[PDB]
Structure formats: structure tokens, C-alpha cells
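Note that the deposited numbering has the first sequence beginning at 52, numbered continuously upward.
For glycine and all other residues, C-beta sits at the position ideal for the given N, C-alpha and C.
Structure first, then comments.
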Amino acid sequence: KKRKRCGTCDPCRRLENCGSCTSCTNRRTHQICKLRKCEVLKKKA
DNA sequence: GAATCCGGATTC
DNA sequence: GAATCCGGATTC
Ligand SMILES: [Zn+2]
Ligand SMILES: [Zn+2]
């Protein structure tokens, strides 16, 4: 089953997409803002 | 349908 | 082998 964000790390607590990282910039990506990506979810599923 | 986890293809 | 581009799939 797919994991949920931890909700507590600094990226999880950011309120908005940064608007300028690769994920916020690239027009075809479905990846979350790099500044928001949950630290826990960076571990391999 | 939006958000975005997740993993395949490319490219190095 | 792995970072990056990319988009299928789930969960709401
Ligand atoms: Zn961003
Ligand atoms: Zn988190």
C-alpha cells in the first residue's frame, strides 16, 4: 500500500509550493515540490 | 479531477 | 549505478 506523508518534518510543514524548484517548474512532472517532499518518504518504499 | 507516491526510461 | 525526466496509479 502506498505511504502517506509524515506530516511533521519541515518539508511536510511548508504551506505552499515553492514555485521555482524543478518539480514546480517542469511542465510534465507529477512529482511534488522538492521543498515539500516528506523526509520519511525519501526512504525506498 | 487534484495531488502526488512511486517506478520506468533516458541519459549520463 | 544513479539522478533526472516523465507519467500511471491511488487516495481524497
Ligand atoms: Zn517547489
Ligand atoms: Zn514528512
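Here DSSP, grouped into helix, strand and coil, assigns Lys93 to helix. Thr80 sits in coil when the DSSP states are folded into three classes, being neither helix nor strand. The C-alpha of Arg56 lies about 12 Å from the C-alpha of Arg65. DSSP places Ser71 outside both helix and strand once states are collapsed to three, so it counts as coil. Taken through DSSP and simplified to helix, strand or coil, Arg87 comes out as coil.
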